[PDB]
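J.: Starting off with a structure, shown below.
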Amino acid sequence: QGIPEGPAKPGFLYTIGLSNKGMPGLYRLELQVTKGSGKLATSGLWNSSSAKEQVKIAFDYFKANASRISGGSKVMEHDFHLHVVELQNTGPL
Amino acid sequence: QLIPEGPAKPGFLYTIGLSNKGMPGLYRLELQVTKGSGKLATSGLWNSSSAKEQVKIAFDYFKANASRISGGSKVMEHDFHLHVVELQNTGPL
């Protein structure tokens, strides 16, 4: 274990950023969306306070701009589970 | 050959409003939907510019919020005609 050709499943993407040691690293973000109450679960974030804070900030902003992006989809009626996979052993992002 | 019992066809509704004289009156709004380029036509509104502006505002709001209400129907691919049927001769609304 830790980018294939073709589209992945919805909610799945790849990212690149400087790790805590300053070395660039590649990571995979996978999101599972189910019928829920607007709750968010986090996994694979290296159990880092900074990464969890970033994810909370992103979720709050997404909830704030639901109308612009969703165009009618009610975020509060669904729950999200976001998981992080390290692909190059570079360190936490 | 005012509101018959049983479900009317899609695009037909009833409204009540104070006419240009301020007296209450009932109006049947009739919508004809055809395959087209999103154009809007109107008739029977008793030649009032205010009614045309109201209908234009409503259709523009329909354009903006198609995703929230229609949930997948494309307004641009259908032309609409709105007709006003005054059933009480109360005056233009």
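Within each chain, counting starts at residue 1; across the structure tokens, chains are named A, B, ... in the order shown, with ligands numbered 1 upward in that order.
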For chain A, report every residue with an atom at most 10 Å from chain B (counting only C-alpha atoms), formatted as an mmCIF file with N, CA, C and O atoms, in the first residue's frame.

T.:
```
data_model
loop_
_atom_site.group_PDB
_atom_site.id
_atom_site.type_symbol
_atom_site.label_atom_id
_atom_site.label_comp_id
_atom_site.auth_asym_id
_atom_site.auth_seq_id
_atom_site.Cartn_x
_atom_site.Cartn_y
_atom_site.Cartn_z
ATOM 1 N N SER A 67 -25.530 26.600 -0.827
ATOM 2 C CA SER A 67 -26.357 27.032 -1.951
ATOM 3 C C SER A 67 -25.542 27.198 -3.227
ATOM 4 O O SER A 67 -25.990 26.788 -4.304
ATOM 5 N N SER A 70 -23.951 23.182 -4.069
ATOM 6 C CA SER A 70 -24.957 22.139 -4.195
ATOM 7 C C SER A 70 -26.133 22.553 -5.065
ATOM 8 O O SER A 70 -26.677 21.712 -5.788
ATOM 9 N N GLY A 71 -26.535 23.819 -5.019
ATOM 10 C CA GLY A 71 -27.651 24.290 -5.814
ATOM 11 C C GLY A 71 -28.986 23.718 -5.385
ATOM 12 O O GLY A 71 -29.946 23.731 -6.161
ATOM 13 N N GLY A 72 -29.065 23.213 -4.156
ATOM 14 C CA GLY A 72 -30.317 22.687 -3.649
ATOM 15 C C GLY A 72 -30.186 21.448 -2.786
ATOM 16 O O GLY A 72 -31.143 21.057 -2.112
ATOM 17 N N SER A 73 -29.013 20.820 -2.796
ATOM 18 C CA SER A 73 -28.798 19.627 -1.986
ATOM 19 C C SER A 73 -28.652 20.020 -0.520
ATOM 20 O O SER A 73 -27.876 20.921 -0.184
ATOM 21 N N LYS A 74 -29.397 19.345 0.354
ATOM 22 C CA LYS A 74 -29.384 19.651 1.781
ATOM 23 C C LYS A 74 -28.266 18.862 2.452
ATOM 24 O O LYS A 74 -28.360 17.639 2.599
#
```

J.: In stretch 2-84 of chain A, what's strand (DSSP E) per DSSP? Answer as a PyMOL selection string?

T.: chain A and resi 12-18+24-35+40-43+78-84

J.: So that I can check the surroundings of stretch 36-39 of chain A, please list as a list in words every protein, DNA and RNA residue that reaches within 6 Å of it, counting only C-alpha atoms and ignoring chain neighbours fewer than 6 positions away.

T.: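 In the requested format, the answer is residues 76, 77, 78 and 79 of chain A.
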
J.: Could you check how far atom CA of residue B:59 sits from atom CA of residue B:29, in Å to one decimal?

T.: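 We find that atom CA of residue B:59 and atom CA of residue B:29 lie 13.8 Å from each other.
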
J.: Using only C-alpha atoms, can you tell me which of A:55, A:15, A:8, A:3 comes closest to residue A:41?

T.: A:55

J.: Go through stretch 4-80 of chain A and collect every residue that DSSP, computed from the backbone, puts in alpha helix (DSSP H); the answer should be as number ranges by chain.

T.: A: 49-64, 66-70

J.: What's around residue A:91 at 12 Å? Count only C-alpha atoms, leave out sequence neighbours fewer than 4 positions away in its own chain, and write the answer as a ChimeraX atom specification.

T.: /A:2,16-27,44-48,85-87

J.: Could the residues in this selection be saved with C-alpha atoms as a short mmCIF file (atom, residue, chain, number, x, y, z; two decimals), in the first residue's frame?

T.:
```cif
data_model
loop_
_atom_site.label_atom_id
_atom_site.label_comp_id
_atom_site.auth_asym_id
_atom_site.auth_seq_id
_atom_site.Cartn_x
_atom_site.Cartn_y
_atom_site.Cartn_z
CA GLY A 2 0.98 3.65 0.21
CA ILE A 16 0.14 17.01 -2.88
CA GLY A 17 1.60 19.22 -0.18
CA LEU A 18 4.54 19.93 2.06
CA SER A 19 4.71 17.52 4.98
CA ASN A 20 5.53 18.55 8.55
CA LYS A 21 9.20 17.91 7.70
CA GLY A 22 9.09 20.23 4.69
CA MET A 23 9.25 17.44 2.10
CA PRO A 24 6.52 17.33 -0.58
CA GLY A 25 4.23 14.33 -0.33
CA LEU A 26 1.26 12.80 -2.11
CA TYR A 27 -1.90 11.71 -0.28
CA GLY A 44 -6.22 8.70 8.69
CA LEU A 45 -5.36 12.32 9.52
CA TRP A 46 -2.24 11.10 11.35
CA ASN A 47 -4.26 12.03 14.45
CA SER A 48 -2.94 15.58 14.03
CA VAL A 85 -4.16 7.62 2.99
CA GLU A 86 -0.43 8.37 2.88
CA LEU A 87 1.12 7.20 -0.39
#
```

J.: Neighbouring residues of residue B:35 were defined as those with any atom within 9 Å, considering only C-alpha atoms; residues of the same chain fewer than 3 positions away were excluded. Please report them as a list in words.

T.: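 Result of the neighbour search: residues 38, 77, 78, 79 and 80 of chain B.
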
J.: Output C-alpha atoms for every residue in that selection, as a CSV table (one decimal), in the first residue's frame.

T.:
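The resulting out_8.csv:
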```csv
chain,number,residue,atom,x,y,z
B,38,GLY,CA,-36.6,28.5,-23.0
B,77,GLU,CA,-35.0,23.1,-23.3
B,78,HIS,CA,-38.7,24.0,-22.9
B,79,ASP,CA,-40.6,27.1,-24.0
B,80,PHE,CA,-43.5,28.2,-21.8
```

J.: Tell me, in Å to one decimal, how far atom CA of residue B:48 is from atom CA of residue B:89.

T.: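 Interatomic distance, atom CA of residue B:48 to atom CA of residue B:89: 15.0 Å.
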
J.: For a test of reading the model, state the distance in Å between atom CA of residue B:73 and atom CA of residue B:8, rounded to one decimal.

T.: 21.3 Å

J.: Choose the residue, out of B:16, B:3, B:75, B:58, that has the smallest atom-to-atom separation from residue B:33; count only C-alpha atoms.

T.: B:75
